[PDB]
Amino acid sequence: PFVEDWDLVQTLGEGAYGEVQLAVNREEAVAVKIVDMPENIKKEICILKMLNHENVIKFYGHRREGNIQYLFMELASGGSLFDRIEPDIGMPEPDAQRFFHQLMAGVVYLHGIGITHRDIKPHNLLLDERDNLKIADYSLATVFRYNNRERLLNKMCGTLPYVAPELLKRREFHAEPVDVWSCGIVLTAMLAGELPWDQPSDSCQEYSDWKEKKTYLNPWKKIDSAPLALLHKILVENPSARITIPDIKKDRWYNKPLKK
């Protein structure tokens, strides 16, 4: 089979709607999101067109073939952050810091254009030729600010180990602290090679242990005091008490010089 001049070589990953494939021309290699069948694809295309930043995946354009929609994006040659996390170990702290600084740069950019990602996790954080982080998958992205006016979110979505606790508890909630929370779980995964809990709920023992400051337990015991102090400010239950990105940028570990 062929679409204009493209050949489907390898499945790069799956999302809530459709599949992302590695497409080779006749010999340019690109990433194509193939979606069957409406209100959501019009929204995703719209958000994808607004994006212009070094830490956000580049959108090439879109083609329609009846019921099938093709979304063309720049191929992340370095693959995903997920495959740089050694299970039970994580990665060297200077590499985790650099990826965290790049994650903050991409999230400030999105929030600045009033877009919330809503599914930040290592499979959605890709790497270019020079290991520069790029935030991908905008199928769950939505507008939280328009005409300088904030809109609260009221839809439950994301990935349970990464979702903020207010998302499971409150009818309506602010967008930005939810994305901040998921960034904190990503930081935990980079420094410990393990996710801290199945979900941030009272029925989850590991979440209860964190709230009781049992930081002598895994994954926290694998993390050095300085990044752990940052995680203590991010992984705060009350979203109004949770650290904001301007203040993460002032954190001691965020500003620590690191090498080797």
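Numbering starts at 1 and runs along the sequence shown.
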{"property": "Deposited residues lacking coordinates between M37 and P38 (none, 1 to 3, 4 to 9, 10 or more)", "result": "4 to 9"}
{"property": "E27 preceded by how many uncoordinated deposited residues after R26", "result": "1 to 3"}
{"property": "Residue stretch of maximal mean CA temperature factor, 220-228 vs 42-50", "result": "42-50"}
{"property": "Residue stretch of maximal mean CA temperature factor, 164-172 vs 92-100", "result": "164-172"}
{"property": "Selection by C-alpha B-factor (highest) of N55, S208, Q199, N67", "result": "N67"}
{"property": "Identity of residue with top Cα B-factor, from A31, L195, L191, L235", "result": "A31"}
{"property": "Third of chain Cα B-factors occupied by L71", "result": "highest"}
{"property": "Chain-relative CA temperature factor third for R149", "result": "middle"}
{"property": "Third of chain Cα B-factors occupied by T116", "result": "lowest"}
{"property": "Third of the chain, ranked by Cα B-factor, where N132 sits", "result": "middle"}
{"property": "CA B-factor placement of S77, once the chain's modelled residues are sorted into thirds", "result": "highest"}
